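Written out below as structure tokens is the structure these notes cover.
Protein chains: 2
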Amino acid sequence: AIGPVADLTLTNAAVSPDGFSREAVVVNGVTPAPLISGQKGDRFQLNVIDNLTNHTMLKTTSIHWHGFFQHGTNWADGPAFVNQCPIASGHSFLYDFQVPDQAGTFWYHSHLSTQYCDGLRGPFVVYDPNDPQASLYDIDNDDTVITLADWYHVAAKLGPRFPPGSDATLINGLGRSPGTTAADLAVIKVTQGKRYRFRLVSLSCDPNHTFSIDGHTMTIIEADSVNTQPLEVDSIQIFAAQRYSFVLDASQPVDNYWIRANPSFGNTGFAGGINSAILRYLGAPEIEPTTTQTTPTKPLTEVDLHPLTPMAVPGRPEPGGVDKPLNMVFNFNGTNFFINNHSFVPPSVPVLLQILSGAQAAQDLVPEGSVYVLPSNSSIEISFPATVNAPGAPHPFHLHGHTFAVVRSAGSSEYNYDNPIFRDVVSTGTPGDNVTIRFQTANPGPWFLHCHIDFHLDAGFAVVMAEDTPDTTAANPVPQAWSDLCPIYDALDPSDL
Amino acid sequence: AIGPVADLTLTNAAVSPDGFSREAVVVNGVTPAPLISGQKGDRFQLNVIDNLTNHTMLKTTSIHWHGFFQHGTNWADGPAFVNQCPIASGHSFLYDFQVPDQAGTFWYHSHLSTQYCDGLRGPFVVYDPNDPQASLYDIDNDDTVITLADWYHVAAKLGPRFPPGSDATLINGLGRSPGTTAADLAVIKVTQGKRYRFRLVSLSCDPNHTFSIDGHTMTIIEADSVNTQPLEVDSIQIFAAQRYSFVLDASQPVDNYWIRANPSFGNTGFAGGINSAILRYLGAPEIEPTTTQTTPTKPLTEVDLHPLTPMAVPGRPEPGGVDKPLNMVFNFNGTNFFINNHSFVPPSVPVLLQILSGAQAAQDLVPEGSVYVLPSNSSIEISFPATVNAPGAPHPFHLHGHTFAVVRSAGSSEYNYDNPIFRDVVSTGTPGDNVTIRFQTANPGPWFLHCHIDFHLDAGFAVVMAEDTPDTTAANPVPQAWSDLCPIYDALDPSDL
Ligand SMILES: *[C@@H]1O[C@H](CO)[C@@H](O[C@@H]2O[C@H](CO)[C@@H](O[C@H]3O[C@H](CO[C@H]4O[C@H](CO[C@H]5O[C@H](CO)[C@@H](O)[C@H](O)[C@@H]5O)[C@@H](O)[C@H](O)[C@@H]4O)[C@@H](O)[C@H](O)[C@@H]3O)[C@H](O)[C@H]2NC(C)=O)[C@H](O)[C@H]1NC(C)=O
Ligand SMILES: *[C@@H]1O[C@H](CO)[C@@H](O[C@@H]2O[C@H](CO)[C@@H](O[C@@H]3O[C@H](CO)[C@@H](O)[C@H](O)[C@@H]3O)[C@H](O)[C@H]2NC(C)=O)[C@H](O)[C@H]1NC(C)=O
Ligand SMILES: *[C@@H]1O[C@H](CO)[C@@H](O[C@@H]2O[C@H](CO)[C@@H](O[C@@H]3O[C@H](CO)[C@@H](O)[C@H](O)[C@@H]3O)[C@H](O)[C@H]2NC(C)=O)[C@H](O)[C@H]1NC(C)=O
Ligand SMILES: *[C@@H]1O[C@H](CO)[C@@H](O[C@@H]2O[C@H](CO)[C@@H](O)[C@H](O)[C@H]2NC(C)=O)[C@H](O)[C@H]1NC(C)=O
Ligand SMILES: *[C@@H]1O[C@H](CO)[C@@H](O[C@@H]2O[C@H](CO)[C@@H](O)[C@H](O)[C@H]2NC(C)=O)[C@H](O)[C@H]1NC(C)=O
Ligand SMILES: *[C@@H]1O[C@H](CO)[C@@H](O)[C@H](O)[C@H]1NC(C)=O
Ligand SMILES: [O-][O-]
Ligand SMILES: [O-][O-]
Ligand SMILES: [Cu+2]
Ligand SMILES: [Cu+2]
Ligand SMILES: [Cu+2]
Ligand SMILES: [Cu+2]
Ligand SMILES: [Cu+2]
Ligand SMILES: [Cu+2]
Ligand SMILES: [Cu+2]
Ligand SMILES: [Cu+2]
Ligand SMILES: [Cu+2]
Ligand SMILES: [Cu+2]
Ligand SMILES: [Cu+2]
Ligand SMILES: [Cu+2]
């Protein structure tokens, strides 16, 4: 684990995670990217060095640190043409932020176009010296992090505009595809009698996965950086960008047990050990598990998660019971996504620089009709009604610089203004659902709100919430290197992007 | 091949044409519908028995017989609420018409709403005993018809109003989807040394297809039923509803060759064999081609197509050089297409039934704005300027009851007033283009004119061309069954439609 102070060098490289070679974006020579770590309070200083050659997979780049609030550091949040212009190949940039008030499981990925699918994605953990869940397990280290990635043989910009799911699911960077059914499976090693804190992270570009371990249960103590009442389950549906921590008691006989990560679509199931990995008890023979499935007895619902610490839902316990209640009407013209009749196109000047250059009203910011100005110390409610005119559902929408209350989850019709789970990524479900969320404006700056299916985002399924524009500039004091980015980016030839 | 006298029973069934099962509309047990055939001069007595049970995919129908002039049998043309009321479930209907003056390659398909998207669509060949280009091939039969079909895992009414292109492309009814990349492929047998009349038909709902056969070329002898000067090419961009006969000399070595049909959009490309089929020289092993495609050196341009028999352009060689010039200004409100400010809403009483009660004038026809009245025995020009205000480009517009001259094709400033190709479906191109057509009104009755992307037609992208309204009653005398459709249809419960 590198960090909290680290150099992250970005290069192109051939890799063979599913035993099939293709070019990718790597970070310090590996994909998924190396585990970054620190502890509650640390100031992370992450110097991103662009040494990318391949323009098909994009020579320019930008990094998001997913889940962190970035209070007073909105310039460092990452989304391209929202919070910065991209970094140029053969240049460096120093991400310099603090996490004073959060801990748990997160991740980092490129946030320019669809560049994370090509490889620039990985896990990021912030351990807590006073973790209230600490007594519940014995072991929590680098080898208890468990990553999920969907992996494509064709690059993002060479395949279809809406990839139909993955060739392989990579668990901790390895997996099989139906054409490479003898490729190495990842092995997660445990010692009988010990209790592990496994930190599951979706690095998915698109599909959600359904995580199961044969012969074992799983006790959720964390979701998306927020601790929960412990919750025993035997199946978890994790959407793109979500995280869980779950405790496992390696209290079964010493053997090999299939770990299972089935995607919503693409090459699907486990024939040949695709979408699989291996939980191996120390001392078991080095072979593939021959355990079988079971009908999950108690799968996870969001509705059953609750904050471990009481956390208060903003506003009044009735719908619309807030200062600024918004509705997101989705649509689609055959190629472009639309929220409230507007398809996000990135502006040529970033939204933060627009604010910092004085534009503060919604009509003076571009793209007009995709940027929503909000008041401070104000409760916000946002509703995401699920419709057939947004294909690719369920869409995991995500808000930046915030974690929010899920007053209504998918599958539920019950609202819950009392003890809902809070998080930064939520499935908006299917037609019937009106998945709905709440937060207060605690954090001046522009914050991207989009689907976290990267291909829908790329097709303009996004808005920016610019909050406290009059305070914003003072609150978010830009460093020099950041104001060099647009000047350097605008210089470039289009064949070096 | 069935016909020229045949029953077509319509039912709902589950089909797995790309190895994914879904409920659908079939015709004598199959989707695509069975090949109808006959010969120039034949009368067809096609008896349509409606036995549908699934309201979602519609319980009522019309069939249209695509590309037949239908002279004096305007009642048998199909378009619901233009030429007939729909047929009710539990009822029969006899389409009875003649083809004295045409030959070549046609198709049939539902012209109620988006019903043909759900499987009610198939090929229809009319062979010519004195075919002028028969000496250019050896074999021409059931087995040389080749249909292209966009397929969807979700039904037309259950999915998006404008879906994201196809999930698979069916070739003679078989295809693969990414995620069913092991499903059977269409295998099209050839014998080395023989020449074939392949009859390519787009049964597409929406996307166009860039068609190709590895290590073979293709001599176009027919477009949309009009015979043509032989034209050798190695790639054909066939638009929805268009047809081409082409000759293939099966004089490569005996092997398996990829047939390729890449859609305009959707599940794009060929990864895992999607959007493909197999040309299999008899004797070749029963396996996938390992051939590769190569940038086509002679892709077809419409402009290079010319009649085999001189067919003279109506009017005078100059824009507007005709007895009646029109121009369709496209427009689109975010759910609905408009032509000249009006977006087609079907009238309660069909446009033909309206004319038969004497409604001869533009003032007196519903829907008003969308019904254009044409003078008989006069030249007509219609121009279809492409515009950003009509997304979905390129839109393939179709005129019923006619073949027209393509005085200006897409991707061409130049106007051909001398020997341009004649057809019934044309790409109106991308903004910049002003594709334009001409025809004589020699055929009394209202003929539908619309974009043949069925989800656009359904969103209102249509106008009717009521020609010779005074003679229409006399020229198109009506059987009793036709008159009994409207009363039957208006009886129905809304849950039975
Ligand atoms: C769909 O929409 C409307 C119905 O609501 C129809 O628009 C009518 O079109 C008529 C065509 O005959 C038109 O008739 C008269 O006007 C034209 C000339 O109009 C043009 O110029 C005016 C003014 O343009 C100048 O001033 C404006 C600002 O005032 C400037 O922006 C501009 O740069 C310019 O200096 C325009 O308003 C107008 O759009 C035209 O460009 C005459 O030649 C005719 O003889 C006749 O008098 C009528 O004005 C329009 N009606 C309305 C209510 O706007 C439209 O036809 C319909 N579409 C179809 C296909 O049916
Ligand atoms: C820069 O990055 C891109 C994208 O990662 C690399 O694209 C690769 O390009 C090659 C050749 O164009 C592709 O290979 C071909 O695949 C077909 C099978 O479909 C096969 O018939 C050919 O023989 C060949 O193998 C390859 O698929 C593609 N890779 C990806 C991931 O899309 C490109 O190679 C990189 N540039 C350099 C200099 O490495
Ligand atoms: C009549 O035709 C319609 C449309 O063809 C059929 O609709 C089908 O409805 C089922 C559920 O009733 C759909 O399956 C479901 O999909 C969800 C994903 O949202 C998933 O949880 C499950 O896979 C679930 O089974 C199905 O997609 C849909 N089919 C199509 C083609 O859209 C209907 O079933 C037919 N009626 C009869 C009586 O057969
Ligand atoms: C989901 O809930 C939202 C609000 O919570 C609903 O949006 C309302 O729609 C009406 C339409 O008449 C608008 O006038 C209101 O402005 C909306 N309310 C708010 C608070 O913005 C929406 O209809 C619901 N959708 C579904 C499918 O249940
Ligand atoms: C497409 O071509 C047609 C003519 O072939 C154009 O229509 C004419 O436009 C001029 C001026 O705009 C008018 O004076 C005529 O009355 C129009 N004729 C008809 C029949 O409408 C049309 O404007 C062209 N459109 C584009 C975008 O090039
Ligand atoms: C989308 O545009 C249409 C027509 O322009 C409008 O009726 C609709 O309300 C718009 N959607 C919004 C603002 O949510
Ligand atoms: O993560 O956006
Ligand atoms: O097909 O009209
Ligand atoms: Cu390389
Ligand atoms: Cu993220
Ligand atoms: Cu984020
Ligand atoms: Cu290995
Ligand atoms: Cu999405
Ligand atoms: Cu984001
Ligand atoms: Cu059934
Ligand atoms: Cu048709
Ligand atoms: Cu037609
Ligand atoms: Cu089969
Ligand atoms: Cu169209
Ligand atoms: Cu039609």
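Chains as they are written, first to last, in the authors' numbering: chain C, 22 to 518; chain A, 22 to 518.
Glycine included, each C-beta is placed from N, C-alpha and C at the ideal position.
What residues from chain A crowd round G186 of chain C, counting only those whose CB sits closer than 7 Å?
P199, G200
Please report the distance separating the alpha-carbon of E339 of chain C from that of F351 of chain C.
24 Å
Quick one: does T449 of chain C have its CB under 9 Å from some CB of chain A?
no
Which residues in chain C have a C-beta closer than 8 Å to the C-beta of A282 of chain A? List them in chain order.
The premise fails here: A282 of chain A is roughly 15 Å from chain C at the closest Cβ pair, so nothing lies under 8 Å.
According to DSSP, what are the bridge partners of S404 of chain A?
A:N348, A:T457
Through-space distance from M349 of chain C to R429 of chain C, alpha-carbon basis:
15 Å
Whole-angstrom Cβ separation of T74 of chain C and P107 of chain C, contact assumed at under 8 Å?
Between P107 of chain C and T74 of chain C the Cβ distance is about 16 Å, and since that is not below 8 Å, they are no contact.
Just checking my contact of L31 of chain C with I70 of chain C at CB under 8 Å: how many whole Å lie between their CB atoms?
6 Å
Closer than 8 Å to a non-hydrogen atom of ligand 4 - does that hold for the CB of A407 of chain C?
yes
Name the two residues that bound the continuous alpha helix (DSSP H) containing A495 of chain C.
490-496
Hey, out of C:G413, C:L470, C:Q461, C:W468, whose CA is closest to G450 of chain C's CA?
C:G413
What are the uninterrupted segments assigned as beta strand (DSSP E) that are 3 or more residues long and contained completely in the region 261-293 of chain A, given in chain order?
264-270, 277-284
Measuring alpha carbon to alpha carbon, tell me which of A:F65, A:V36, A:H76 ends up nearest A97 of chain A.
A:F65
Residue list, Cβ distance to ligand 11 heavy atoms smaller than 6 Å:
C:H85, C:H87, C:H419, C:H421
Taking the alpha-carbon of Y393 of chain C as reference, which of C:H363, C:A411, C:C472, C:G379 has the nearest alpha-carbon?
C:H363
Please tell me whether, using a cut-off of 8 Å, the distance from the CB of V247 of chain A to the nearest non-hydrogen atom of ligand 1 is below it.
no
Environment of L179 of chain A [buried if 16+ CB atoms lie within 10 Å]:
exposed
Test item: CB-CB of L377 of chain C and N497 of chain C under 9 Å
yes
Any heavy atom of ligand 12 closer than 8 Å to the beta-carbon of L195 of chain C?
yes
Which chain A residues are close to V484 of chain C, counting only those with a beta carbon under 9 Å from its beta carbon?
Going along chain A, no residue has its Cβ under 9 Å from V484 of chain C, so there is no contact; the nearest lies around 17 Å.
Report the neighbours of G481 of chain A on chain C: residues whose CB is nearer than 8 Å to its CB, in chain order.
Within chain C, no residue comes near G481 of chain A; the closest Cβ sits about 15 Å away, beyond 8 Å.
Which of the three DSSP states, helix, strand or coil, is assigned to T165 of chain A?
helix
For chain A, check one thing: does any of its Cβ atoms lie closer than 9 Å to the Cβ of residue 4 of chain C?
What the structure shows of chain C is the stretch from 22 to 518, and residue 4 of chain C is not part of that stretch, so it cannot be assessed.
When you check each C-beta in the region 284-315 of chain A against every C-beta of chain C, which residues fall closer than 8 Å?
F286, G287, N288, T289, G290, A292
With DSSP collapsed to three states, give me the class of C138 of chain C.
coil
Verify the contact flag: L303 of chain A, CB atom, against every heavy atom of ligand 5, threshold strictly below 8 Å.
no
Which residue from A:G236, A:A176, A:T201 puts its Cα closest to that of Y278 of chain A?
A:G236
Alpha carbon of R197 of chain A to alpha carbon of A45 of chain A, nearest angstrom
17 Å
Quick one: what does DSSP say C507 of chain A is sitting in, helix, strand or coil?
helix
With a cut-off of 9 Å, does the C-beta of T356 of chain C fall near any C-beta of chain A?
yes
Partners in chain A for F183 of chain C, counting only beta-carbon separations shorter than 7 Å
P185
Taking 8 Å as the cut-off, does the CB of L73 of chain C come closer than this to any heavy atom belonging to ligand 2?
no
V120 of chain C: which of C:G93, C:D139, C:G99 sits nearest, CA to CA?
C:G93
Just to make sure I have the definition right: I need the residues of chain A whose C-beta is within less than 9 Å of the C-beta of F353 of chain C. Which are they?
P181, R182, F183, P184, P185
Consult DSSP for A97 of chain C and reduce its assignment to one of helix, strand or coil.
helix
The beta strand (DSSP E) with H471 of chain A in it runs from where to where?
466-472
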